[PDB]
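K.L.:
before I ask anything, here's the sequence and the deposited coordinates:
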Amino acid sequence: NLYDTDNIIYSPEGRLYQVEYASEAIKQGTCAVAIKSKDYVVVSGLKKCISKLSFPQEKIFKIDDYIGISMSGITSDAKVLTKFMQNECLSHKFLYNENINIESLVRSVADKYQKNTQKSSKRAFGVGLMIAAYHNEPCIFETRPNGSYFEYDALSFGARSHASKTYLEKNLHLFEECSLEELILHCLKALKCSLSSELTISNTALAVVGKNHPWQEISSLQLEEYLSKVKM
Amino acid sequence: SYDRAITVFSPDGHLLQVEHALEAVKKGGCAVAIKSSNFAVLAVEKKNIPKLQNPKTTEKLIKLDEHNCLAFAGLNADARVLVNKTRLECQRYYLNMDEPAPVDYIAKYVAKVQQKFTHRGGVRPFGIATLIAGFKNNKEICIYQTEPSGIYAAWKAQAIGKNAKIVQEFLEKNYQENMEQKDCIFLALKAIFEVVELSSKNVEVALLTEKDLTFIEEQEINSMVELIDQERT
Amino acid sequence: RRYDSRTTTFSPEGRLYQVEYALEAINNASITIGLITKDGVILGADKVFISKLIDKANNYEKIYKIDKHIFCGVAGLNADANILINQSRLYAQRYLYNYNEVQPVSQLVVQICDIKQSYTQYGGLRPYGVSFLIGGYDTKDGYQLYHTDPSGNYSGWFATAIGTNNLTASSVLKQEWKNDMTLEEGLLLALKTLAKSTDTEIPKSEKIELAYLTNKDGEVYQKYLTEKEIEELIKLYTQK
Amino acid sequence: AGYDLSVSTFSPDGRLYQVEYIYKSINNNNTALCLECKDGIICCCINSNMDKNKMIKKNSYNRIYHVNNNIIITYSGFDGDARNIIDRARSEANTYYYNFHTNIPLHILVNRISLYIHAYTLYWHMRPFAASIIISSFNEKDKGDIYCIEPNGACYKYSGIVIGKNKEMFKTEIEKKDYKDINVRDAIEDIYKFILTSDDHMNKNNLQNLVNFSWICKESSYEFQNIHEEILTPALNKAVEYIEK
Amino acid sequence: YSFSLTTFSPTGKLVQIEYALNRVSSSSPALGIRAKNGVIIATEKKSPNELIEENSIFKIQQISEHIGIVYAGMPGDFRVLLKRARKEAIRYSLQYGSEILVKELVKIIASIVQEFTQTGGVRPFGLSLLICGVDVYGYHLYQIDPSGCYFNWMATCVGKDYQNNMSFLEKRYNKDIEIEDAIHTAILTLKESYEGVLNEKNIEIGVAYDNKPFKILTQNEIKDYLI
Amino acid sequence: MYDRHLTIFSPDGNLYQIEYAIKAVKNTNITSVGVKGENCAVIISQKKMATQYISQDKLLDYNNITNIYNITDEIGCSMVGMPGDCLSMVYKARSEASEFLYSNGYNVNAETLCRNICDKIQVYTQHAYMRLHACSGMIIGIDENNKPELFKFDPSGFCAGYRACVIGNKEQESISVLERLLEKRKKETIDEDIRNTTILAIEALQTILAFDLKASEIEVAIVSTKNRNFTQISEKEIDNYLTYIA
Amino acid sequence: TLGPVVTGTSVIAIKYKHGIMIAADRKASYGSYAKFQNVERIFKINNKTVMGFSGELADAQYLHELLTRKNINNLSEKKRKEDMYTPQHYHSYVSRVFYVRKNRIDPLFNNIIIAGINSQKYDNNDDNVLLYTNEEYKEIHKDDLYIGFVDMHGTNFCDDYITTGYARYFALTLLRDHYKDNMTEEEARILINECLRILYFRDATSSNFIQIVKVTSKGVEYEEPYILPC
Amino acid sequence: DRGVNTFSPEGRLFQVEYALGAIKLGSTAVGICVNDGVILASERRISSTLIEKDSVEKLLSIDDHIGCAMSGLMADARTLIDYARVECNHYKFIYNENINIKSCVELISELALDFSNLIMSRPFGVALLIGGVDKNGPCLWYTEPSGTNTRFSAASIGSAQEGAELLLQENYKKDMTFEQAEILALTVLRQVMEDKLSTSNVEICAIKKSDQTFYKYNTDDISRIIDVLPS
């Protein structure tokens, strides 16, 4: 009613409305889905296309060898956080000559979220990230506008995430102990279910990161082959 | 407040403070500028209380630099502040370039500062509309006009202040290129008097050339105003 | 943010609504006069009466001096008046320090109006509700007289009145003032204007204060009339 | 009537509503309890709200942290604020060790954290921390100490405490008997029975993937240590079997 | 975040200064008199219960060895202003090596009050200072105000019913009044304004005796004067 | 509008925030009594939880609760108000005492400490962005002249000395009791005076609160020339004195 | 900071089967005075990590404080035994610190040795760490052991054996001439004893009261000080 | 009534929405990209005849190989262009090669969003069409106040941009030649524009792959292109 004018005012029930609106903005974005198995983590998303004369916008991003993220929400905040994480990883490798601990990086980004939401005159980032990596083990993490992060084994963001989440919970017990090809196939199934009007090599983004497998997006040829495989 | 946004977008997409500054500009005195060949004419209205006010105190038409000159309409204190800023910038340019500041550069700087005072928090927009006349780096005469919003434009003949639209319409149908100095002064006087009471004490016109800015003598102004009054009737 | 006062913000018609209220307050203060003659400049004023126990000796509440050649009179809030007077003295002495010469009056008025404009534009601080009448003398321009206001606007004048009932005083000045006048005639005119604006047929020696600046013998000096001098002056006025 | 829009404004009745709203928010978050026994102290946290999410790894969401490996610190509220306060506690311990080459005494750390929390409830621009914190420790000589700091910035010492959802029922259960004479190892059964009874969202399958456990006792040489499965599972199974009957 | 909480209203009037003046008008009265060879500042403290000690609360202070001060308003504001006045006098003495002139110190304090009225995020002082002193330029008695404007008085009163007290004081006053007569007149005015019964521990007085240090009369002296 | 949301004068000259802070201090309904004699000063309070959202539980160490602290070995204090405010105030008092000792070479006097704390409270009242600390307090000590001194301060920053004072609710009705007891006293060994002052303080608190004052429910401390340190008496002697009163 | 006053003599670290062995004399000379004859010059950062010392004592103590608190911070946010920093991590950290101090022209008059095991597949000690209070040794591949040197100017490197101070001439020669691969503990101790005896005979700042520490699959072991047989 | 960075119930910043609404007015501009290069054209809304027509320019050059076309608030557009060229020259100083168009638009969007603390004070309220050529190829990008930038093959901005983009959709086809692109762009601009097209009524610029240098068509080139314009 009148407790949503600032991000520092607790409502009578004890809720911050600005952070909730940031979460709403995150939900309003496009789709995405991440899955992991014994080895390899597969991330997939729908690159938004605004018109037939517009190439679809980049969706997935690479932060460092074996580390990649997907975005949902405000693009500017996604860019800011991506720059922050890339600089953190590069500095860690520069002054320690080793890969950065992914959990520490997620802690750092969540702490940035917290700092931004705490002080007045500043707004909470209206973007949600989907961290996927292999630091001696496949890991998937999710962040939120309020300083908070969780670690998943199957995740979806925004858009019509209900269908993808239903599919993921329906087939979760098969993800473990399945080859990379079937992992990619299942991720594509989940994305297509969320699509609700077809998947093409142009409007879909796919990436894999696993053991002895640095983060690399799937090229056009293999992506089209997998799309044909799922189509049949 | 201190370091907090004051000029913000309205629901329709308008900067209300900027429009209020434009309204204030529309409140002030009138001014007119003409150019031709290698010289310009600047005219501005005057308004003083007889027998009490000292005419010399008014500084509506001013010289920024050896060559450039300026006229304005709107708030006077802001006019003085911006004029001091512009003179400091002219001398800084002359230090760092060892060349007199061209009219285009100073017009760009005036637009830049007016825009800056519209986009930073804790300061309200500059409520003045100015017009500068000078010579380009290639010894070519040009006059620019700058508004509170920061939008600038070069003109061949222009008018600002109260009833600026009417004087603009008058100029649009009489301006001619490479006119004589007497003809230019006559046109400038006619334009300023179109929307101003007829008297030799309500105008202070000046002429800009490469040599220097020369203020027209009162006797010549009296003769000119008498002639235009005779023609009008 | 919720308690912000909206001070340095343009009005729907471009007036800021704060310089307006400051000027309105100015119009309620005591009246101040200013004249320029062939022998000096006069800043006769009217003293506001609070009680009968105020020290008559010295105690000048309207006219002050900023330098040996510059002196002004106030028509507004006394606190702002005092701090602006201090700033003016600082500015004059800084100019003398820098250039080893006395500051022309125009420079000082320009500086003080610049600080008033700065207070009117930057920050969220309220403007100064004081209007002066700076008058003095210098070689470059001779006797001069100006008139400021909260907006930082200034203008030259040969004869003026500011404050409450400034309209009637200005009318009298315009009706009677002449291009050249003796210092005595100037004082008589200032006293007449003060009496008329006060709506009193005869001014009271305890209700007014006069002063004048003159360049006698090449050394500019100011004189502030004391009760006996104003008494003799009013006796002369009544005689005429 | 405008007296609850800022933490820096006192109400006509002399009361900061903006802090009572924080209290109400905290009381609705996940519940955390901690108590002391002969051998040591046990801290348990119940993440009942996350039962809807079926994609979180088993026992990955942990709300129990430690400082100096011998002081247990836990919270019940916003994750970001709790993390900020934990980092401040670590920084305070670091400064203390640098200055005096010795671990910070607990009763000083609690005071410093209480001051830090309270410092955010007397300005209008800053947002007060929405979290309730518990700090506890144990040593063979001085026995267990438990302290509870709250948004208002008040620290009090307890022999057993519960915060969050259903705190009243849990407290009623805790004061049912005296735990100063029970051993740390056999107290797990009672804790499990209490969380099963009081909370109406957790069942048999929820007990091994939503409740976090830890102790500081003599078995761990009085150092922080998460309880491993081989110990937890027998007690969990026994408790569920007892409840079922 | 630093904006002016005191702003001009339609017709100005600086409402906050008016409210500060109202606060001053409701506090305990305090008056002062300038005599032929000395100045007096007197005030009345409400009859204290048996638990208070008048030695702990003092409404008469001294800034220098010759300058005394009294107030009527908020005690905390008075204390802070007193500390700053002492600091100003100390720095003046450090620079010019002498006792600070009364007019100069009044100017500094008035400037401070004005700045506090102007700056953002603050509210005006809620008292009305009253400074008496002696220097090479004779005696002086000035009054500060929340607005920051000072007045040069010969005899004045501030606080509750200050108009009636001022009228009474004017009724019986002279430019050539003796110091003892001035003390007597101050006592009479305070008694008239009190509307009760006065006695030791109910009044406080300070006097500047010619070229002698400013003195705060003790209980016995005022008791003797009361008879 | 907002005439009382900040430390702003409002009409008829009233800083309502001061009154609201004082009333919040009063609402804590914790009573503290201080009384000075000769070469001895006694400060007594209740060992109970304040009044707020949280209530006292069975598993609460009642010994830990206390409303009396000490700024320095010789200078003692007793705060009453919001818990966080009380902790912040005692920490500020400790800091001021320590800085005074560092910058002057000798231990601070309780009078100067009270004045400085009042100055900080005045600074808080002056500006708008600072909330008021709703915590009143008493300070006790001995000066260089080997005499006791006791002072009181409120959220308004009004520090005042006293010879017998009370913080908490029913202060107006308690001034009468304190006056009566002091008058009865006015009608002794260096240690007998200590005992008399202690019994006077205990009796005053009993009369004001109007019940037993279980020895486990009250806490008393004393500073005297015999000791000069702010040492708080143990439970056994408090119980013995209470039995004597009966 | 402005020059050594109280200094250590030298340290010798060598990797052998079952881990690494590091020895140093227990003496800190105050110029040519030998004020302190019982000083611990070999510190411990964590299990599978130790720090050497040959230089000014104050700087060594400050660096020890820094490293131990870095280890505390690492533990505070630790969740799996793989999260513990390796000797390479600490070596790079100290190298960076030394480089920064050099760039500021305020070095630490020290020559540090950081030695440990950078592999976690051999023992389960780090899964339950114990800072306060405290089977058969497992053979360790030499690739899993780490020894790193750090110089005043930040120069750093890694090798199979490192020495500082005067040990860089005598003990270094002896090791290069005789050091073997996968030598049992007895042989390594014999070699270290020969090196330290040679130093004792031809080094004024040395002494025969010796501290020997071993980093192995069982953790860090401080052997009881003994006097050189001579 | 609210801060510059106050979220809405739906998750959109109010100021960003108002700026996006404001950018809907101004001179119309069109841009096209083909394998041979990129072309930009502007309405050139000339005011009264007293203007020189040279001071008012709608086609600036961020760098030798990059062209731009603004719409909305002119002063904000000039500020953004100044920052863009400063950063492009900084890139050229730091790296011998020339800045890629993608990086330039990234920096411009970063500045545009700088207003939110995470200095400036409010959204810029400008919409920019950048076009250029690099080693990667010829391409053009579109930037709006919200910060989100998008690559385009044939786009339009300014008042009536809906009609211009509709026509571009109806006509633009891949594998087009540079002359075809020029004639198509001028056809669309003429169609959407109010008055009759002429030498001084519209302005054009183009960047070629072979040249890789920004080139602004003068009166002669525009006269030639209009002469061969189908009608």
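P.N.:
Now that the structure is in, tell me what you want to look at. Numbers count the residues shown, from 1 in each chain, chains lettered A, B, ... in the order given.
K.L.:
check which element follows the helix or strand where residue E:185 lies along the chain.
P.N.:
Using DSSP states H and E, residue E:185 sits in helix E:179-194. Next helix or strand after helix E:179-194 toward the C-terminus (DSSP H and E): strand E:203-209.
K.L.:
contact partners of that next one?
P.N.:
E:37-45, E:54, E:58-60, E:62, E:66-68, E:70, E:132-134, E:139, E:179, E:183, E:186-187, E:190, E:214-217, E:222 (Cβ atoms under 8 Å, 6 or more residues apart in numbering or on different chains). C-beta coordinates here come from the backbone N, C-alpha and C atoms, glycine included.
K.L.:
quick one: buried residues of it?
P.N.:
Under the neighbour-count criterion of 16 or more other Cβ atoms under 10 Å in any protein chain shown, strand E:203-209 has E:203, E:204, E:205, E:206, E:207, E:208 buried.
K.L.:
wait, a helix at residue H:187?
P.N.:
Yes: counting by DSSP: H, G, I helix; E, B strand; the rest coil, residue H:187 is part of a helix.
K.L.:
how many neighbours does the closest residue to it other than its chain neighbours have?
P.N.:
Distance criterion Cβ to Cβ, 6 or more residues apart in numbering or on different chains; nearest residue to residue H:187, sequence neighbours excluded, is residue H:229 at 6.7 Å. Close neighbours of residue H:229, defined as other Cβ atoms under 10 Å in any protein chain shown, add up to 13.
K.L.:
remind me which helix or strand residue H:229 belongs to.
P.N.:
Per DSSP H and E, there is no helix or strand for residue H:229.
K.L.:
you'd agree it is up against residue H:182?
P.N.:
No: when contacts are counted by Cβ atoms under 8 Å, residue H:229 is not listed as touching residue H:182 (9.2 Å).
K.L.:
residues from chain A in reach of chain G?
P.N.:
Contact residues (Cβ under 8 Å from any Cβ of the partner chain) of chain A with chain G: A:95, A:96, A:97, A:98, A:101, A:103, A:104, A:107, A:136.
K.L.:
one more pass at 10 Å, please.
P.N.:
By the rule Cβ under 10 Å from any Cβ of the partner chain, the part of chain A lying against chain G is A:94, A:95, A:96, A:97, A:98, A:101, A:103, A:104, A:107, A:135, A:136, A:137.
K.L.:
show the contacting residues for the second one.
P.N.:
Listed by Cβ atoms under 10 Å, 6 or more residues apart in numbering or on different chains, the contact set of residue A:95 reads G:92, G:93, G:95, G:96, G:99.
K.L.:
now the longest helix belonging to chain F: how far from the chain's centre is it?
P.N.:
Longest helix in chain F by number of residues, with DSSP state H as the criterion: helix F:83-104. On the basis of Cα atoms, centre = their mean, to the nearest Å, helix F:83-104 sits 15 Å off its chain's mean C-alpha point.
K.L.:
does the very next helix or strand once past it reach chain E?
P.N.:
Scanning forward in sequence from helix F:83-104 by DSSP H and E, the next helix or strand is helix F:110-126. Yes: residues of helix F:110-126 contacting chain E under Cβ under 10 Å from any Cβ: F:111, F:114, F:115, F:118, F:119, F:121, F:122, F:123, F:124, F:125, F:126.
K.L.:
who does the helix or strand containing residue A:110 touch, helix- and strand-wise?
P.N.:
Here residue A:110 sits within helix A:102-118, counting by DSSP H and E. Using 3 or more Cβ pairs under 10 Å, 6 or more residues apart in numbering or on different chains; DSSP states H and E as the contact test, the elements touching helix A:102-118 are helix A:17-28, strand A:60-64, strand A:67-73, helix A:75-96, strand A:127-134, strand A:138-143, strand A:149-152, helix D:79-100.
K.L.:
buried sites along it?
P.N.:
A:102-103, A:105-107, A:109-114, A:116-118.
K.L.:
same question for stretch C:20-28.
P.N.:
Neighbour counts over stretch C:20-28 (16+ other Cβ under 10 Å) mark C:20, C:21, C:22, C:23, C:24, C:25, C:26, C:27 as buried.
K.L.:
out of those residues, which one sits closest to chain A?
P.N.:
residue C:21 (28.6 Å; Cβ to the nearest Cβ).
K.L.:
okay, and the closest one sits in which element?
P.N.:
Using DSSP H and E, residue C:21 falls within helix C:19-28.
K.L.:
now check the helix or strand just after that helix, is it near chain E?
P.N.:
Next helix or strand after helix C:19-28 toward the C-terminus (DSSP H and E): strand C:32-36. No: applying Cβ under 10 Å from any Cβ, one finds strand C:32-36 separated from chain E by no less than 16.6 Å.
K.L.:
strand C:32-36 packs against which elements?
P.N.:
Judged by 3+ Cβ pairs under 10 Å, 6+ apart, strand C:32-36 is in contact with strand C:41-42, strand C:45-46, strand C:70-73, strand C:135-136, strand C:144-147, strand C:159-162, helix C:166-176, helix C:183-197.
K.L.:
in chain H, what residue lies closest to chain F?
P.N.:
Proximity to chain F, evaluated over chain H using Cβ to the nearest Cβ, is greatest for residue H:1 at 15.3 Å.
K.L.:
for the closest residue to residue B:220 other than its chain neighbours, what are its contacts?
P.N.:
Closest residue to residue B:220 apart from its sequence neighbours, by Cβ to Cβ, 6+ apart: residue B:185 at 7.9 Å. Counting by Cβ under 10 Å, 6+ apart, residue B:185 touches B:34, B:41, B:43, B:179, B:205, B:206, B:207, B:216, B:220, B:221, B:224.
K.L.:
which phi and psi does residue B:185 have?
P.N.:
phi -60, psi -40 (degrees, to the nearest 10).
K.L.:
measure it to chain H for me?
P.N.:
18 Å (Cβ to the nearest Cβ, to the nearest Å).
K.L.:
for residue G:71, same thing?
P.N.:
In this view, residue G:71 and chain H are 34 Å apart by Cβ to the nearest Cβ.
K.L.:
what's the neighbour count on the closest residue to chain D within chain F?
P.N.:
Nearest to chain D, among the residues of chain F, is residue F:84, at 2.8 Å (Cβ to the nearest Cβ). The number of residues packed near residue F:84 is 26, by other Cβ under 10 Å.
K.L.:
excluding chain neighbours, what is closest to it?
P.N.:
Counting by Cβ to Cβ, 6+ apart, residue F:84 lies nearest to residue D:153, which is 2.8 Å off, once chain neighbours are set aside.
K.L.:
find the helix or strand that the closest residue to chain D within chain E is a member of.
P.N.:
At 6.7 Å from chain D, residue E:1 is the closest residue in chain E, using Cβ to the nearest Cβ. Here residue E:1, judged by DSSP H and E, is contained in no helix and no strand.
K.L.:
the residue positioned nearest the centre of chain G and residue G:60: what is the separation?
P.N.:
In chain G, the centroid-proximal residue (Cα atoms, centre = their mean) is residue G:52; its distance is 3.1 Å. As judged by Cβ to Cβ, to the nearest Å, residue G:52 and residue G:60 stand 9 Å apart.
K.L.:
okay, and the common contacts of those two?
P.N.:
G:8, G:41, G:43, G:110, G:112.
K.L.:
show me what contacts the residue in chain C positioned nearest to chain D?
P.N.:
Of all residues in chain C, the one sitting closest to chain D is residue C:2 (7.5 Å; Cβ to the nearest Cβ). If you count contacts by Cβ under 10 Å, 6+ apart, residue C:2 has them with A:5, A:6, D:2, D:5, D:6, D:124, F:2, F:5.
K.L.:
tell me the SS of it?
P.N.:
Classified using three-state DSSP, residue C:2 is coil.
K.L.:
what's the answer for residue G:132, then?
P.N.:
Applying three-state DSSP: residue G:132 is coil.
K.L.:
can you redo the helices and strands packed on strand C:32-36 as JSON lines with mean neighbour count and distance to chain B?
P.N.:
Below are the helices and strands packed on strand C:32-36 laid out as JSON lines (neighbours: other Cβ atoms under 10 Å in any protein chain shown; distance: least, Cβ to the nearest Cβ, whole Å):
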{"stretch": "strand C:41-42", "mean neighbour count": "26", "distance to chain B": "13"}
{"stretch": "strand C:45-46", "mean neighbour count": "26", "distance to chain B": "18"}
{"stretch": "strand C:70-73", "mean neighbour count": "26", "distance to chain B": "16"}
{"stretch": "strand C:135-136", "mean neighbour count": "28", "distance to chain B": "12"}
{"stretch": "strand C:144-147", "mean neighbour count": "24", "distance to chain B": "7"}
{"stretch": "strand C:159-162", "mean neighbour count": "28", "distance to chain B": "5"}
{"stretch": "helix C:166-176", "mean neighbour count": "17", "distance to chain B": "5"}
{"stretch": "helix C:183-197", "mean neighbour count": "21", "distance to chain B": "13"}
